[PDB]
Chemist: 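Below you'll find the structure I mean.
Per chain, numbering begins at 1; letters A, B, ... match sequence-line order.
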Amino acid sequence: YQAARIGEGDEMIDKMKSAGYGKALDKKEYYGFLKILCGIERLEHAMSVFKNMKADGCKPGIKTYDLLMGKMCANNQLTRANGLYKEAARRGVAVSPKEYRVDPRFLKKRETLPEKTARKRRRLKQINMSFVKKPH
Amino acid sequence: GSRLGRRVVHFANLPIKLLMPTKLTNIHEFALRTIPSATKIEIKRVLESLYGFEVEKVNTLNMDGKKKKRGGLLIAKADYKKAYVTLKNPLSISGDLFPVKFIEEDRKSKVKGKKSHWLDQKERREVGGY
Amino acid sequence: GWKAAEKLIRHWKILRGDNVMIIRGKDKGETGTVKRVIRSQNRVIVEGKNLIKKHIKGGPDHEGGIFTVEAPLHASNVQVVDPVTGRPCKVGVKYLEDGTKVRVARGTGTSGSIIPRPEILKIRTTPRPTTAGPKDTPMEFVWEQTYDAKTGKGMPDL
Amino acid sequence: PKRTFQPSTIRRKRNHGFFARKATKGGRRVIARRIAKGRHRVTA
Amino acid sequence: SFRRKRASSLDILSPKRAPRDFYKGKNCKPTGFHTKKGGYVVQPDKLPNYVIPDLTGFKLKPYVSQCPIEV
Amino acid sequence: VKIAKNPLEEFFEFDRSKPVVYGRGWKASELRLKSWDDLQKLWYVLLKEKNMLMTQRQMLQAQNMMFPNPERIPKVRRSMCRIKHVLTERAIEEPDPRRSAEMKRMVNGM
RNA sequence: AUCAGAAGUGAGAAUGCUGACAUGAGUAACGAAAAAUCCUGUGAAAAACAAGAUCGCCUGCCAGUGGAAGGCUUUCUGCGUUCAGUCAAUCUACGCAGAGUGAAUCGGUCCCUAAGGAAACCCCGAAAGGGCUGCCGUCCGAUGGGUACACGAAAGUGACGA
RNA sequence: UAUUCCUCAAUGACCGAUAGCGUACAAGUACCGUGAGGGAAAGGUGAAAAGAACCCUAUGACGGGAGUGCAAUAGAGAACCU
RNA sequence: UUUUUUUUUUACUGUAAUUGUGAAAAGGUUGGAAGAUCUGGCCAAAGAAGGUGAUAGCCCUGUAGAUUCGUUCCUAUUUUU
RNA sequence: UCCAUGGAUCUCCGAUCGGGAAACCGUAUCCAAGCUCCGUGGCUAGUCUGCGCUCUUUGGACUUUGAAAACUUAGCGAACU
Ligand SMILES: [K+]
Ligand SMILES: [K+]
Ligand SMILES: [K+]
Ligand SMILES: [K+]
Ligand SMILES: [K+]
Ligand SMILES: [K+]
Ligand SMILES: [K+]
Ligand SMILES: [K+]
Ligand SMILES: [Mg+2]
Ligand SMILES: [Mg+2]
Ligand SMILES: [Mg+2]
Ligand SMILES: [Mg+2]
Ligand SMILES: [Mg+2]
Ligand SMILES: [Mg+2]
Ligand SMILES: [Mg+2]
Ligand SMILES: [Mg+2]
Ligand SMILES: [Mg+2]
Ligand SMILES: [Mg+2]
Ligand SMILES: [Mg+2]
Ligand SMILES: [Mg+2]
Ligand SMILES: [Mg+2]
Ligand SMILES: [Mg+2]
Ligand SMILES: [Mg+2]
Ligand SMILES: [Mg+2]
Ligand SMILES: [Mg+2]
Ligand SMILES: [Mg+2]
Ligand SMILES: [Mg+2]
Ligand SMILES: [Mg+2]
Ligand SMILES: [Mg+2]
Ligand SMILES: [Mg+2]
Ligand SMILES: [Mg+2]
Ligand SMILES: [Mg+2]
Ligand SMILES: [Mg+2]
Ligand SMILES: [Mg+2]
Ligand SMILES: [Mg+2]
Ligand SMILES: [Mg+2]
Ligand SMILES: [Mg+2]
Ligand SMILES: [Mg+2]
Ligand SMILES: [Mg+2]
Ligand SMILES: [Mg+2]
Ligand SMILES: [Mg+2]
Ligand SMILES: [Mg+2]
Ligand SMILES: [Mg+2]
Ligand SMILES: [Mg+2]
Ligand SMILES: [Mg+2]
Ligand SMILES: [Mg+2]
Ligand SMILES: [Mg+2]
Ligand SMILES: [Mg+2]
């Protein structure tokens with residue numbers, strides 16, 4: 001997941017499930033995976049891992065929703081963060097209004113004399129190349 | 001990332017042009033040509049990382065490119081760097097490789113114009129330079 | 001002594017493989033096929049026509065003797081044969097139903113028929129090799145996709 | 001006999017070199033006149 | 001390859017054609033620092049490291065085959 | 001012979017025999033299918049081929065002999081240029097700023 | 001053509017200008033009181049080239065060794081004789097082509113300063129600029145002082161003529 | 001209203017290789033001078049290279065034939081029209 | 001949010017389409033070669049110009065235009081604090 | 001091949017980060033913020049927190065204007081004749 005090999009990471013997760021070590025995939029390891037995936041800007045696969053975590057029986061507390069809401073607000077997507085707020089309210093998690101700062105990357109926003117000289121240089125070459133070449 | 005070092009090169013582009021040695025066996029040193037901005041450590045680490053040479057020492061020298069002048073018209077070749085690489089163990093070059101036979105025949109064309117004792121060494125190192 | 005201030009012909013209405021008639025010079029009134037076009041001289045070579053005699057001194061590699069070969073003709077000295085009437089004709093530009101440039105016969109006394117692009121043009125002069133060399137990658141290895149941006153397959157070692 | 005030109009590279013660079021010309025207003029005028037004529041050798 | 005230059009470029013000073021205390025250099029990257037006794041200490045942090053993978057077992061070759069393939 | 005017996009013989013064309021043929025250069029669309037590891041391995045394969053070719057040209061011209069098939073050198077050169085262009089394309093499309101800067105540094109480092 | 005018009009409109013001379021070619025003339029000269037001789041070979045051609053033998057000249061300022069200053073490939077090897085060499089040269093500091101210069105210690109770079117130069121601050125001046133290098137002061141500059149960290153100093157010094 | 005380091009288009013009872021810019025040609029070059037600076041010369045085979053295979057005599061073809069070409073004293077290698 | 005699209009009409013040194021398109025016949029003679037000459041058709045909003053084996057409106061590249069393309073306007077860039 | 005548009009790469013002096021015999025030498029600037037990885041320290045030991053660098057992003061701190069013929073406006077201002 002640090003090398004952004006998300007499909008191979010998911011396959012390794014399933015392979016760990018097949019080997020009988022699925023009980024060691026607790027909420028701490030899944031939160032570490034989410035922190036790694038949000039830290040390298042893979043928010044969609046982070047949501048996929050979050051959905052798999054919810055389907056695995058692991059119960060996300062306030063830290064997982066804090067991380068995901070902060071990453072969604074940093075990417076200037078307040079609607080999805082509010083949607084996760086409503087989902088965490090439905091699940092029964094102690095959640096609060098909070099100011100998450102938006103990243104300053106996703107926030108919305110005559111020919112000169114040397115150029116004339118270069119154009120004339122190009123035209124002078126073009127004139128010389130328009131004639132029949134003398135064989136030699 | 002940058003935790004590994006300050007100057008980490010993943011795509012090296014150092015040109016190495018081997019000069020043909022005089023002998024085909026017991027090669028303790030050989031010479032190559034490269035660009036003048038190459039250093040001894042760059043040549044050594046490229047030659048041991050990319051080719052697996054057992055490099056003992058690298059000596060370098062700068063040469064001006066060949067020039068021809070006819071009073072206003074001057075044509076020239078690039079300056080280059082010549083590197084002498086001494087090996088920890090001797091190597092050899094196969095006779096049938098192209099173009100070793102042609103090079104040896106041309107070189108011999110341009111040069112046309114028992115009493116051993118006890119404990120006498122037979123294949124000793126022959127290294128030039130300082 | 002190439003003394004004229006002659007400009008290059010930029011868009012040629014005279015192509016390799018065309019059937020033409022020489023309309024000027026020593027071989028005036030003779031037909032042939034365009035073997036080769038020399039664009040840098042505004043000249044063409046018609047197969048078997050405009051013959052010269054070269055006194056070539058035989059070295060260690062080639063052979064000596066007096067050889068007969070074609071000399072180039074100026075591109076304004078040949079004219080495309082009308083495919084219906086068989087006479088030399090000028091060439092016009094007609095746009096087809098799809099919108100493709102074709103050559104048509106032009107001039108009073110011409111049929112206006114389409115002058116077809118020669119079939120020899122689609123053939124490679126340097127044919128493709130039959131057997132791959134020892135450093136040539138086979139095409140099945142070239143097409144093996146080891147990178148995928150969606151699933152992150154083939155990422156670097158960051 | 002001993003002649004007027006006794007070469008010394010460092011004296012040539014200190015009297016007629018590029019930065020020797022750049023150090024004075026007259027030398028900068030020499031460089032400007034020199035480029036305006038189109039000489040290949042701007043400084044000696 | 002031979003390439004044309006100006007004859008005036010032969011007047012640019014080179015240490016091969018200079019007094020013995022003229023130093024120019026060839027834009028080589030430094031590997032350390034000068035000492036004040038005239039020596040030099042090479043610092044390994046400024047040395048290049050070349051990451052080169054193992055090439056044995058690799059299937060891709062310098063050229064791509066030009067044999068006739070398919071329409 | 002078939003295989004180079006030492007690192008010195010990798011500067012020689014051991015496969016040269018019957019005129020030997022050489023393919024074309026790699027295209028950018030074909031290199032866009034390859035992983036970073038495969039592209040780095042292909043870069044070093046091309047680098048060793050280029051070193052061998054310049055060695056052969058230098059050896060033959062030192063004995064006043066012609067260097068055969070001189071178009072092999074620009075084929076390798078253009079393939080290497082396309083490899084670096086494809087890797088820089090992948091660096092630009094990286095959404096993470098740190099990873100994009102590290103990929104650019106890996107490509108352009110000397 | 002003709003009739004008119006516009007002139008950078010007419011050469012034998014300006015010790016006129018540029019180019020070409022004569023005369024003197026096959027003349028002077030072939031450049032330091034060390035010096036040549038022969039066998040063989042090469043070649044179309046050999047007093048002048050290769051190799052050898054004999055003879056001579058230089059030995060503390062023309063003549064040997066290593067090198068600074070300057071030069072900048074003249075070095076070496078193969079091919080060659082159009083140019084050059086005071087030659088009819090096969091030879092060459094000449095033409096073509098290829099090759100050759102390897103450093104912890106040599107010489108530099110680097111540290112340190114002299115004479116000197118320049119910035120900063122300050123002073124002066126129609127402009128441009130000129131001065132000032134310090135009472136607290138910076139950066140260059142060997143022809144001299146230095147050779148296995150960094151920082152500091154009310155310690156010694158480095159440190160010197162004939 | 002002034003000027004042209006510049007661009008585009010056009011004109012000439014302007015010049016035509018000792019003329020016209022110093023430079024029609026790789027010129028601010030070669031060359032000269034310590035330096036500031038001074039400062040050249042040199043255009044044209046033929047329509048097309050078809051640029052003369054081969055023979056003879058010289059060490060050596062640029063010669064004499066042959067052949068190419070309308071024409072070869074139109075046969076040159078920064079130069080061959082007259 | 002995005003895509004398809006109703007979209008008027010003319011003007012431009014726009015020295016735009018590097019180098020798009022762009023008209024117009026055949027014989028005889030001489031000559032190395034035809035553009036010359038004799039017979040005899042045709043184009044011109046094109047007889048500016050440069051080539052082609054001599055002096056070519058119709059052999060070639062162009063040239064006048066005509067078409068395309070892109071600036072204007074009709075088609076207000078408005079609304080909220 | 002070529003064209004149009006948009007991209008990737010893009011050595012050095014002039015020259016401006018410091019030095020300088022132009023085309024060379026030396027150069028991780030400095031300081032606030034928030035983030036993946038990295039390493040070490042400490043608790044009553046679990047989605048525990050607190051200290052750091054390197055490099056990445058957004059800012060703000062020092063300072064880098066800069067050339068160019070003639071025309072214009074000014075300052076000073078000859079001599080030959
Ligand atoms: K006179
Ligand atoms: K000596
Ligand atoms: K002149
Ligand atoms: K003639
Ligand atoms: K037009
Ligand atoms: K014609
Ligand atoms: K005409
Ligand atoms: K007076
Ligand atoms: Mg050395
Ligand atoms: Mg012509
Ligand atoms: Mg001079
Ligand atoms: Mg250049
Ligand atoms: Mg030297
Ligand atoms: Mg540098
Ligand atoms: Mg690069
Ligand atoms: Mg007069
Ligand atoms: Mg007169
Ligand atoms: Mg007189
Ligand atoms: Mg007399
Ligand atoms: Mg007498
Ligand atoms: Mg006499
Ligand atoms: Mg004799
Ligand atoms: Mg001798
Ligand atoms: Mg003396
Ligand atoms: Mg020489
Ligand atoms: Mg010699
Ligand atoms: Mg020689
Ligand atoms: Mg002779
Ligand atoms: Mg001579
Ligand atoms: Mg020589
Ligand atoms: Mg030393
Ligand atoms: Mg002082
Ligand atoms: Mg002073
Ligand atoms: Mg001052
Ligand atoms: Mg200074
Ligand atoms: Mg100092
Ligand atoms: Mg000294
Ligand atoms: Mg002393
Ligand atoms: Mg003349
Ligand atoms: Mg004349
Ligand atoms: Mg003139
Ligand atoms: Mg001849
Ligand atoms: Mg004529
Ligand atoms: Mg056009
Ligand atoms: Mg037309
Ligand atoms: Mg005309
Ligand atoms: Mg004529
Ligand atoms: Mg600087």
Chemist: Applying a 3.5 Å limit to both distances, which nucleotide forms a Watson-Crick or G-U wobble pair with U34(H)?
Modeler: none
Chemist: Considering only NZ, NE, NH1 and NH2 on the basic side and carboxylate oxygens on the acidic side, decide whether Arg17(E) and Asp64(B) come within less than 4.0 Å.
Modeler: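 Between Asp64(B) and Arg17(E) there is a salt bridge, with a charged N closer than 4.0 Å to a carboxylate O.
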Chemist: Considering only heavy atoms and no angle criterion, is a donor-acceptor pair shorter than 3.5 Å present between the side chain of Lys116(A) and the base of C6(H)?
Modeler: yes
Chemist: Pairing defined as Watson-Crick or G-U wobble with both contacts under 3.5 Å. Yes or no for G80(G) and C149(G)?
Modeler: no
Chemist: Heavy-atom nearest nucleotide on RNA chain I for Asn77(C) versus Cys89(C): which residue maps closer to 5'?
Modeler: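 The answer here is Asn77(C).
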Chemist: If you take atom types as modelled and just measure distance, does the side chain of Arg34(D) reach the base of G28(H) with a donor-acceptor pair under 3.5 Å?
Modeler: no
Chemist: Where the side chain of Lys24(E) meets the backbone of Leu13(E), is there a donor-acceptor pair that is under 3.5 Å apart?
Modeler: yes
Chemist: Give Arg33(B) one of three labels, base, sugar-phosphate or nothing, depending on what nucleic acid heavy atoms sit under 4.0 Å from its own.
Modeler: sugar-phosphate
Chemist: How far, in whole Å, is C110(G) from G116(G) if one measures between their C1' atoms?
Modeler: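 Those two atoms are separated by 23 Å.
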Chemist: As a test of reading the structure: which of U109(G), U57(J), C60(I) is closest to the side chain of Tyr23(E), going by heavy atoms?
Modeler: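 Output: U109(G).
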Chemist: Among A103(G), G28(H), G70(G), which nucleotide sits nearest the side chain of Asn59(B)?
Modeler: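 When the side chain of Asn59(B) is considered, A103(G) is the closest of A103(G), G28(H), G70(G).
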Chemist: Could you tell me whether the sugar of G39(H) is north or south, judging only by the sign of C1'-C2'-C3'-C4'?
Modeler: north
Chemist: Using the P atoms only, state how far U82(H) lies from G46(H), rounded to an integer number of Å.
Modeler: 8 Å
Chemist: Does the structure show a Watson-Crick or G-U wobble partner for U19(I), both distances under 3.5 Å? Name it, or say none.
Modeler: none
Chemist: Can you tell me how far P in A76(H) sits from the matching atom in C62(H), rounded to whole Å?
Modeler: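 It works out to 9 Å between them.
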Chemist: Taking atom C1' in both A40(H) and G28(H), compute the distance separating them and give it to the nearest angstrom.
Modeler: 10 Å
Chemist: Roughly how many Å is it from CD1 in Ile31(D) to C1' in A67(J), rounded to a whole number?
Modeler: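 Roughly 13 Å, once rounded to whole Å.
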Chemist: With heavy atoms under 4.0 Å as the rule, sort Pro19(E) into base, sugar-phosphate or nothing.
Modeler: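 Base contact.
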Chemist: Any side-chain to backbone donor/acceptor pair from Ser37(B) onto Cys28(E)? Under 3.5 Å, distance only.
Modeler: no
Chemist: Going by modelled atom types, is there a donor-acceptor pair between the base of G102(G) and the side chain of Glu29(B) at under 3.5 Å?
Modeler: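 Indeed there is one.
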Chemist: Say you pick atom P in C15(H) and the same atom in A7(G); how far apart are they, in whole Å?
Modeler: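 Between the two P atoms, the distance is 13 Å.
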Chemist: Can you tell me, in whole Å, how much space there is between the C1' of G43(H) and that of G65(H)?
Modeler: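 Here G43(H) and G65(H) have their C1' atoms 36 Å from each other.
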Chemist: Do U37(G) and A53(G) make a Watson-Crick or G-U wobble pair, both distances under 3.5 Å?
Modeler: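 Yes, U37(G) pairs with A53(G), since both Watson-Crick or G-U wobble distances fall under 3.5 Å.
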Chemist: Looking at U29(H), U54(J), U101(G), which one has an atom nearest to any side-chain atom of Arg3(B)?
Modeler: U54(J)
Chemist: Can you check the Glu111(A) CD to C5(H) P distance for me, whole Å?
Modeler: 18 Å
Chemist: Please determine, for the side chain of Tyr84(B), which listed nucleotide (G100(G), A8(J), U109(G)) has the closest atom?
Modeler: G100(G)
Chemist: Please determine whether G60(G) and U157(G) constitute a Watson-Crick or G-U wobble pair, defined by two donor-acceptor distances each under 3.5 Å.
Modeler: no
Chemist: Would you mind telling me which of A148(G), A50(H), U27(J) lies closest to the side-chain atoms of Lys37(E)?
Modeler: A148(G)
Chemist: When all nucleic acid strands are considered with a 4.0 Å heavy-atom cut-off, which category describes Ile56(C): base, sugar-phosphate, or nothing?
Modeler: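 The residue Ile56(C) makes sugar-phosphate contact but no base contact.
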Chemist: Using a heavy-atom cut-off of under 4.0 Å over every strand shown, decide if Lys57(B) touches base, sugar-phosphate, or nothing.
Modeler: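 Touches sugar-phosphate only.
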Chemist: Using the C1' atom as the point on both nucleotides, what is the distance between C140(G) and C94(G), in whole Å?
Modeler: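 My reading of the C1' atoms in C94(G) and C140(G) gives 48 Å.
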Chemist: Of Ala4(C) and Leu8(C), whose closest RNA chain I nucleotide lies nearer the 5' terminus?
Modeler: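 Checking each residue's closest nucleotide, the 5'-ward one belongs to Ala4(C).
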Chemist: Checking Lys53(C) against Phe67(C): charged group under 6.0 Å from the ring centre and within 45 degrees of the axis?
Modeler: no
Chemist: Mind telling me if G47(I) is north or south by its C1'-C2'-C3'-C4' torsion?
Modeler: south
Chemist: Do the side chain of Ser130(A) and the main chain of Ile127(A) share a donor and acceptor less than 3.5 angstrom apart?
Modeler: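 Yes; at least one donor-acceptor contact below 3.5 Å.
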Chemist: Please determine, for the side chain of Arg41(D), which listed nucleotide (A30(H), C58(I), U61(I)) has the closest atom?
Modeler: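 Selected nucleotide (nearest to the side chain): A30(H).
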Chemist: According to a 3.5 Å cut-off on both distances, are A24(H) and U73(H) Watson-Crick or G-U wobble paired?
Modeler: no
Chemist: Do the side chain of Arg34(D) and the main chain of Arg41(D) share a donor and acceptor less than 3.5 angstrom apart?
Modeler: yes
Chemist: Under a 3.5 Å rule for both distances, is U133(G) the Watson-Crick or G-U wobble partner of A7(G)?
Modeler: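 Result no; criteria under 3.5 Å not both met.
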Chemist: Determine yes or no for a side-chain-to-main-chain donor-acceptor pair under 3.5 angstrom, with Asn75(A) supplying the side chain and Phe106(A) the backbone.
Modeler: no
Chemist: So what does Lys53(C) touch, heavy atoms closer than 4.0 Å: a base, only the sugar-phosphate, or nothing?
Modeler: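 Touches sugar-phosphate only.
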Chemist: Which is true for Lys108(B) with a 4.0 Å heavy-atom rule: it touches a base, it touches only sugar-phosphate, or it touches nothing?
Modeler: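 No contact at all - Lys108(B) keeps every heavy atom at 4.0 Å or more from the nucleic acid.
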Chemist: Does anything in residues 10-23 of chain D come within less than 4.0 Å of RNA chain J? Heavy atoms only, and list the residues if so.
Modeler: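 Per residue number, the list reads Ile10(D), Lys13(D), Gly17(D), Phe18(D), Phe19(D), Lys22(D).
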Chemist: Just compare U34(H), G102(G), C59(I) and give me whichever is closest to any side-chain atom of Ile23(C).
Modeler: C59(I)
Chemist: Select one nucleotide: of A24(I), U47(J), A56(I), the one nearest the side-chain heavy atoms of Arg24(C).
Modeler: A56(I)
Chemist: Can you confirm whether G39(J) and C51(J) pair in Watson-Crick or G-U wobble fashion, both distances under 3.5 Å?
Modeler: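 Paired: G39(J) with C51(J), WC or G-U, both distances under 3.5 Å.
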Chemist: Would you say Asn50(C)'s side chain and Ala71(C)'s backbone share a donor-acceptor pair under 3.5 angstrom?
Modeler: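 At least one qualifying donor-acceptor pair exists.
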Chemist: Students often get this wrong, so: under 4.0 angstrom with heavy atoms, is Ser8(D) touching a base, only sugar-phosphate, or nothing?
Modeler: sugar-phosphate
Chemist: In whole angstrom, give me the gap between the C1' atoms of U40(J) and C13(J).
Modeler: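 One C1' to the other, the span is 50 Å.
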Chemist: Is the side chain of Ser109(B) donor-acceptor paired with the backbone N or O of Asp106(B) at a distance under 3.5 Å, no angle test?
Modeler: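 Checked: pair present.
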Chemist: Would you check if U4(I) and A48(I) are a Watson-Crick or G-U wobble pair, both distances kept under 3.5 Å?
Modeler: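 Under the 3.5 Å cut-off on both distances, the two nucleotides are not paired.
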Chemist: I need the NZ-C1' distance between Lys3(C) and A74(H), as an integer number of Å.
Modeler: 11 Å
Chemist: How would you label the glycosidic angle of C57(G): syn (within 90° of 0) or anti?
Modeler: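 Base orientation: anti.
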Chemist: Under a 4.0 Å N-O cut-off, is there an ion pair linking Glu93(F) with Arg99(F)?
Modeler: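 A salt bridge is absent here (no side-chain N lies under 4.0 Å from a carboxylate O).
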Chemist: Is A49(I) paired with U61(I)? Use Watson-Crick or G-U wobble and require both distances under 3.5 Å.
Modeler: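 Yes, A49(I) pairs with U61(I).
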Chemist: Taking the chi torsion of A54(I), is it syn (within 90° of 0) or anti (everything else)?
Modeler: syn
Chemist: So, do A49(I) and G50(I) stack if we ask for centres under 5.5 Å and planes under 30°?
Modeler: yes
Chemist: Classify the nucleic acid contact of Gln79(C) as base, sugar-phosphate or nothing, counting any heavy atom under 4.0 Å across all strands shown.
Modeler: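 If one applies the 4.0 Å heavy-atom cut-off, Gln79(C) turns out to touch the sugar-phosphate alone, with no base involved.
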Chemist: So if I take every side-chain heavy atom of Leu113(A) and compare against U36(J), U34(H), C5(H), which nucleotide ends up nearest?
Modeler: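 Of the options given, the side chain of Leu113(A) lies nearest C5(H).
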Chemist: Counting only Watson-Crick or G-U wobble geometry with both distances under 3.5 Å, does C12(I) pair with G70(I)?
Modeler: yes
Chemist: Side chain of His74(C) only, heavy atoms from C-beta on: which candidate in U29(H), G53(I), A21(J) is closest?
Modeler: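 When the side chain of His74(C) is considered, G53(I) is the closest of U29(H), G53(I), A21(J).
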Chemist: Using a cut-off of 4.0 Å on non-hydrogen atoms, how would the nucleic acid contact of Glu6(C) be classed: base, sugar-phosphate, or nothing?
Modeler: sugar-phosphate
Chemist: Answer yes if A36(G) and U54(G) form a Watson-Crick or G-U wobble pair with both distances under 3.5 Å, and no otherwise.
Modeler: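 Pairing holds for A36(G) and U54(G), meeting the Watson-Crick or G-U definition.
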